[PDB]
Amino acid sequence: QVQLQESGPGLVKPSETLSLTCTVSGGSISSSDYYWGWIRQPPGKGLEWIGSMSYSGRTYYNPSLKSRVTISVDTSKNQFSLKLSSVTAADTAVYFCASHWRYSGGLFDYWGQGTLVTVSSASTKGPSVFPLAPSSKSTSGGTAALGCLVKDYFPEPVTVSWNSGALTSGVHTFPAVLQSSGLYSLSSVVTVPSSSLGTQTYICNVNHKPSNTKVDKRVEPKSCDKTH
């Protein structure tokens, strides 16, 4: 019966102030039977409740967040809102609004879809890529491991070819971590013939279109394990 949808800015500059809005239909914001809630979820982590507000006036808060959160309702538009202040990289998350059914101790029975909020500068930054060299350890006999580290870039996405697409057998390119600083890192690996490590050439081709850079990176074995 109750439906919710969030409106937000996508990207928010550090230190500044996040402001979301939620639109409801199928119930009035003014019901004594409901509270109205904000719930966030950082990517691949858990659900964190932010706060809940009643028309009546009562407002409940997440204790580690009370300091910086503000919540407001508007009966005329049948909407409600959130403001999160002095916003940091650790605030990047999907933010949900939900109806907060006041009974049985409180549950959220109707949810908006998400809205992702990344807090980061709007700036654009290509990546430094370094070689992940193959080791005596990076071998389980015949199969060796080696790759490229694609560190500190923004924003998504990044594309990683090997040699030049000329090698695609045994290449898993991992998803990227956003890491508290505002930046992304990813790695791409490739398994190879260890017997011919010292005769071949393995080159990462890293493309980050949002910066028009495109890095080639040759990954030679560990020089001190050279085989001559």
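Start at 1 and count along the sequence shown; that's the residue number.
Annotation for 154 to 162 versus 136 to 144: the higher mean temperature factor (C-alpha) is found in 136 to 144. When 59 to 67 is weighed against 195 to 203, 195 to 203 comes out higher, by mean CA B-factor as recorded in the entry. The PDB entry assigns the greatest CA B-factor among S52, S28, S32, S187 to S32. When the CA B factors of the chain's modelled residues are split into thirds, the value for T173 lands in the middle one. Sort the modelled residues of the chain by CA B factor and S99 lands in the lowest third. When the CA B factors of the chain's modelled residues are split into thirds, the value for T17 lands in the middle one. In this PDB entry, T227 carries a Cα temperature factor that places it within the highest third of its chain's modelled residues. Sort the chain's modelled residues by C-alpha temperature factor and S123 lands in the highest third, per the entry.
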